[PDB]
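> Next comes the structure file data-v6.tsv, holding TSV, C-alpha atoms and all ligand atoms.
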```
chain	number	residue	atom	x	y	z
T	3	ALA	CA	23.59	1.61	-36.77
T	4	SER	CA	23.86	0.91	-33.03
T	5	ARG	CA	21.07	0.26	-30.52
T	6	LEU	CA	21.38	1.12	-26.82
T	7	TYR	CA	21.32	-1.68	-24.25
T	8	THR	CA	22.04	-1.87	-20.55
T	9	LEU	CA	23.38	-4.79	-18.51
T	10	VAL	CA	23.51	-4.78	-14.70
T	11	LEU	CA	25.59	-6.95	-12.39
T	12	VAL	CA	24.66	-7.16	-8.74
T	13	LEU	CA	28.10	-7.79	-7.29
T	14	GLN	CA	28.68	-8.28	-3.57
T	15	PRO	CA	31.97	-8.94	-1.71
T	16	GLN	CA	31.72	-12.74	-1.98
T	17	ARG	CA	29.04	-13.40	-4.62
T	18	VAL	CA	27.33	-12.18	-7.78
T	19	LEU	CA	23.71	-12.46	-8.88
T	20	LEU	CA	23.10	-13.85	-12.36
T	21	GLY	CA	19.83	-14.60	-14.12
T	22	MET	CA	19.00	-17.58	-16.31
T	23	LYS	CA	16.90	-16.40	-19.25
T	24	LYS	CA	14.21	-18.95	-20.04
T	25	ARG	CA	13.14	-17.64	-23.42
T	26	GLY	CA	14.09	-15.36	-26.31
T	27	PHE	CA	17.47	-13.77	-27.03
T	28	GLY	CA	20.11	-15.24	-24.73
T	29	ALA	CA	17.84	-18.05	-23.50
T	30	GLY	CA	19.66	-20.93	-21.83
T	31	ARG	CA	22.44	-18.70	-20.53
T	32	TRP	CA	23.28	-17.05	-17.20
T	33	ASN	CA	23.71	-13.28	-17.60
T	34	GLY	CA	23.29	-9.96	-15.85
T	35	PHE	CA	19.99	-8.11	-15.99
T	36	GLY	CA	19.35	-5.80	-18.91
T	37	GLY	CA	17.71	-4.93	-22.21
T	38	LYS	CA	16.96	-2.11	-24.66
T	39	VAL	CA	16.93	1.49	-23.47
T	40	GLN	CA	13.57	3.14	-24.17
T	41	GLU	CA	12.50	6.44	-25.71
T	42	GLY	CA	12.85	9.41	-23.37
T	43	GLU	CA	14.68	7.32	-20.79
T	44	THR	CA	18.33	7.84	-19.73
T	45	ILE	CA	20.73	4.89	-20.01
T	46	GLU	CA	20.95	4.71	-16.22
T	47	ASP	CA	17.19	4.91	-15.73
T	48	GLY	CA	16.96	2.10	-18.27
T	49	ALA	CA	19.51	0.05	-16.34
T	50	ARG	CA	17.63	0.50	-13.07
T	51	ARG	CA	14.31	-0.40	-14.76
T	52	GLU	CA	15.71	-3.53	-16.42
T	53	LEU	CA	17.06	-4.77	-13.08
T	54	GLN	CA	13.69	-4.36	-11.31
T	55	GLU	CA	11.63	-5.88	-14.14
T	56	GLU	CA	13.90	-8.88	-14.64
T	57	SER	CA	15.13	-9.59	-11.07
T	58	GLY	CA	12.55	-7.94	-8.80
T	59	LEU	CA	15.29	-6.01	-6.98
T	60	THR	CA	15.37	-2.30	-6.22
T	61	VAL	CA	18.67	-0.52	-6.75
T	62	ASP	CA	19.63	3.01	-5.77
T	63	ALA	CA	23.33	3.52	-6.64
T	64	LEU	CA	24.39	2.21	-10.05
T	65	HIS	CA	28.07	2.44	-10.98
T	66	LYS	CA	29.20	2.60	-14.62
T	67	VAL	CA	31.69	-0.20	-15.23
T	68	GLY	CA	32.02	-0.63	-18.98
T	69	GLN	CA	30.81	-0.26	-22.54
T	70	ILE	CA	30.76	-3.20	-24.93
T	71	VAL	CA	29.75	-3.15	-28.57
T	72	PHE	CA	28.54	-6.43	-30.07
T	73	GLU	CA	28.59	-7.24	-33.76
T	74	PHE	CA	26.79	-10.26	-35.19
T	75	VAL	CA	28.05	-10.83	-38.74
T	76	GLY	CA	25.14	-10.55	-41.14
T	77	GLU	CA	23.08	-8.39	-38.79
T	78	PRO	CA	23.14	-4.66	-39.57
T	79	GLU	CA	22.37	-3.49	-36.03
T	80	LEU	CA	25.20	-3.22	-33.49
T	81	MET	CA	24.51	-3.60	-29.75
T	82	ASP	CA	25.87	-0.70	-27.71
T	83	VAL	CA	25.83	-2.11	-24.21
T	84	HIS	CA	26.31	0.06	-21.15
T	85	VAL	CA	27.37	-2.13	-18.23
T	86	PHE	CA	26.63	-1.21	-14.62
T	87	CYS	CA	27.43	-2.67	-11.24
T	88	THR	CA	25.81	-2.31	-7.83
T	89	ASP	CA	26.35	-3.61	-4.32
T	90	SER	CA	23.37	-1.92	-2.70
T	91	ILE	CA	20.06	-3.62	-3.43
T	92	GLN	CA	16.66	-3.92	-1.78
T	93	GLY	CA	14.27	-6.82	-2.08
T	94	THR	CA	14.94	-10.48	-2.73
T	95	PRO	CA	15.41	-11.80	-6.27
T	96	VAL	CA	12.24	-13.06	-7.97
T	97	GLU	CA	11.96	-16.04	-10.28
T	98	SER	CA	9.52	-15.44	-13.09
T	99	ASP	CA	8.52	-17.12	-16.34
T	100	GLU	CA	11.25	-15.11	-18.07
T	101	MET	CA	14.13	-15.24	-15.62
T	102	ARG	CA	15.60	-17.59	-12.98
T	103	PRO	CA	17.96	-15.61	-10.70
T	104	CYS	CA	20.63	-17.27	-8.57
T	105	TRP	CA	23.64	-16.22	-6.48
T	106	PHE	CA	27.13	-17.46	-7.39
T	107	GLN	CA	30.31	-17.60	-5.32
T	108	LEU	CA	32.97	-15.65	-7.19
T	109	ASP	CA	34.96	-18.86	-7.75
T	110	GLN	CA	31.96	-20.69	-9.23
T	111	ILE	CA	30.88	-18.24	-11.92
T	112	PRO	CA	29.45	-20.51	-14.66
T	113	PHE	CA	31.38	-19.21	-17.68
T	114	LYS	CA	30.74	-22.37	-19.73
T	115	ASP	CA	27.03	-21.46	-19.55
T	116	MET	CA	27.39	-17.71	-20.14
T	117	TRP	CA	27.95	-15.57	-23.27
T	118	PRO	CA	31.52	-16.44	-24.30
T	119	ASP	CA	32.70	-12.81	-24.12
T	120	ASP	CA	32.01	-12.83	-20.36
T	121	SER	CA	35.14	-14.92	-19.84
T	122	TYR	CA	37.13	-11.88	-21.05
T	123	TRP	CA	35.56	-8.93	-19.24
T	124	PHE	CA	33.92	-10.38	-16.17
T	125	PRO	CA	37.32	-10.82	-14.41
T	126	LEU	CA	37.87	-7.06	-14.92
T	127	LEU	CA	34.48	-6.30	-13.40
T	128	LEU	CA	35.40	-8.52	-10.45
T	129	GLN	CA	38.63	-6.59	-9.74
T	130	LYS	CA	36.73	-3.30	-9.98
T	131	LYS	CA	38.28	-2.26	-13.31
T	132	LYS	CA	36.47	-0.23	-15.96
T	133	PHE	CA	36.61	-1.25	-19.63
T	134	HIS	CA	35.76	-0.55	-23.27
T	135	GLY	CA	35.19	-3.68	-25.37
T	136	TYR	CA	34.18	-4.89	-28.83
T	137	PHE	CA	33.26	-8.47	-29.81
T	138	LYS	CA	32.48	-9.71	-33.33
T	139	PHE	CA	30.28	-12.81	-33.30
T	140	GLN	CA	29.43	-15.44	-35.86
T	141	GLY	CA	26.18	-16.84	-34.52
T	142	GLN	CA	25.82	-16.88	-30.76
T	143	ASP	CA	28.76	-19.17	-29.83
T	144	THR	CA	31.79	-18.06	-31.83
T	145	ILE	CA	33.93	-14.97	-31.22
T	146	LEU	CA	35.62	-14.09	-34.53
T	147	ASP	CA	37.55	-11.04	-33.25
T	148	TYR	CA	37.56	-8.71	-30.26
T	149	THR	CA	39.21	-5.79	-28.54
T	150	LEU	CA	39.15	-5.09	-24.81
T	151	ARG	CA	40.98	-2.30	-22.96
T	152	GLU	CA	40.77	-0.97	-19.43
T	153	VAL	CA	39.90	2.72	-19.05
T	154	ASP	CA	39.65	5.32	-16.30
T	155	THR	CA	36.37	6.74	-17.65
T	156	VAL	CA	33.55	4.68	-19.15
T	201	LIG	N1	27.07	-10.81	-21.18
T	201	LIG	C1	26.62	-10.69	-22.44
T	201	LIG	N2	27.47	-10.96	-23.49
T	201	LIG	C2	26.73	-10.75	-24.56
T	201	LIG	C3	26.99	-10.85	-25.96
T	201	LIG	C4	26.01	-10.58	-26.85
T	201	LIG	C5	24.68	-10.18	-26.41
T	201	LIG	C6	24.42	-10.09	-25.09
T	201	LIG	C7	23.09	-9.71	-24.59
T	201	LIG	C8	22.00	-10.53	-24.88
T	201	LIG	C9	20.72	-10.19	-24.42
T	201	LIG	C10	20.52	-9.03	-23.66
T	201	LIG	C11	21.61	-8.21	-23.36
T	201	LIG	CL1	21.38	-6.78	-22.42
T	201	LIG	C12	22.89	-8.55	-23.83
T	201	LIG	CL2	24.24	-7.52	-23.45
T	201	LIG	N3	25.44	-10.37	-24.17
T	201	LIG	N4	25.38	-10.33	-22.81
```
Starting from the file, give its structure as structure tokens.


Amino acid sequence: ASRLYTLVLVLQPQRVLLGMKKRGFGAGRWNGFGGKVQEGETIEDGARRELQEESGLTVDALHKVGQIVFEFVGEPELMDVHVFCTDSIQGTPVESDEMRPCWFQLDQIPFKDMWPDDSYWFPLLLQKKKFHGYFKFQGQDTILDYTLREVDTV
């Protein structure tokens, strides 16, 4: 009962690119770029695709950085989210009807306006650590329980 997702963070030495979703699941929040993995597509191909479609950027090298499973109480389907990072992009970010991308200084990451779990794992991502995580949600704002451990292999 888990569905594959990707999430991609474009992380440079002094800044990170986040996208503000204008509509649908996660609307109103800053987040990385991602979505459901498709039939006949690898997780990494999915990650690269999601980044292009949502941000307009071209990425070559994607690095695995974590796996997070999300549980929403009362929803049968679990989210199995494969998180990736990259430093090497091509293109300039594109604002669309679906997504407003913006760069953030690493000290000005807008956690109050991000999924609440980000406050836990994003500092690991920033210090180039790899992680396995699980977050149980009630609704979209409340973390009931969670586990988060660093790992050598994602
Ligand atoms: N950073 C982050 N934390 C969460 C928690 C629950 C769901 C989602 C989420 C919502 C929409 C699309 C995608 Cl790929 C994801 Cl991971 N995200 N994203």

> Could you list, as a tab-separated table (two decimals) with C-alpha atoms, in the frame of the given file, all protein and nucleic acid residues with an atom at most 8 Å from ligand LIG 201 (chain T), counting all atoms listed in the file?


```
chain	number	residue	atom	x	y	z
T	7	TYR	CA	21.32	-1.68	-24.25
T	8	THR	CA	22.04	-1.87	-20.55
T	9	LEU	CA	23.38	-4.79	-18.51
T	27	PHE	CA	17.47	-13.77	-27.03
T	28	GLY	CA	20.11	-15.24	-24.73
T	33	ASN	CA	23.71	-13.28	-17.60
T	34	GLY	CA	23.29	-9.96	-15.85
T	35	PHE	CA	19.99	-8.11	-15.99
T	36	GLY	CA	19.35	-5.80	-18.91
T	37	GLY	CA	17.71	-4.93	-22.21
T	38	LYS	CA	16.96	-2.11	-24.66
T	70	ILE	CA	30.76	-3.20	-24.93
T	72	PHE	CA	28.54	-6.43	-30.07
T	81	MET	CA	24.51	-3.60	-29.75
T	83	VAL	CA	25.83	-2.11	-24.21
T	116	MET	CA	27.39	-17.71	-20.14
T	117	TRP	CA	27.95	-15.57	-23.27
T	118	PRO	CA	31.52	-16.44	-24.30
T	119	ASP	CA	32.70	-12.81	-24.12
T	120	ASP	CA	32.01	-12.83	-20.36
T	137	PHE	CA	33.26	-8.47	-29.81
T	142	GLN	CA	25.82	-16.88	-30.76
```

> Provide the CA of residue 42 in chain T to CA of residue 63 in chain T distance in Å, to one decimal place.

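Spanning CA of residue 42 in chain T to CA of residue 63 in chain T is a straight-line distance of 20.6 Å.
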
> Find the residues with any atom within 12 Å of (42.1, -10.1, -30.7); use all atoms listed in the file and the coordinates as given in the file, and write the answer as a list in words.

residues 119, 122, 135, 136, 137, 138, 145, 146, 147, 148, 149, 150 and 151 of chain T

> Do you know which residues are at most 10 Å from residue 12 in chain T counting all atoms listed in the file, after dropping those on the same chain fewer than 4 positions away, and could you put them as a VMD selection string?

chain T and resid 17 to 20 34 to 35 53 59 61 64 86 to 91 105

> State, in Å with one decimal place, the distance from CA of residue 60 in chain T to CA of residue 121 in chain T.

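That distance, rounded to one decimal, is 27.1 Å.
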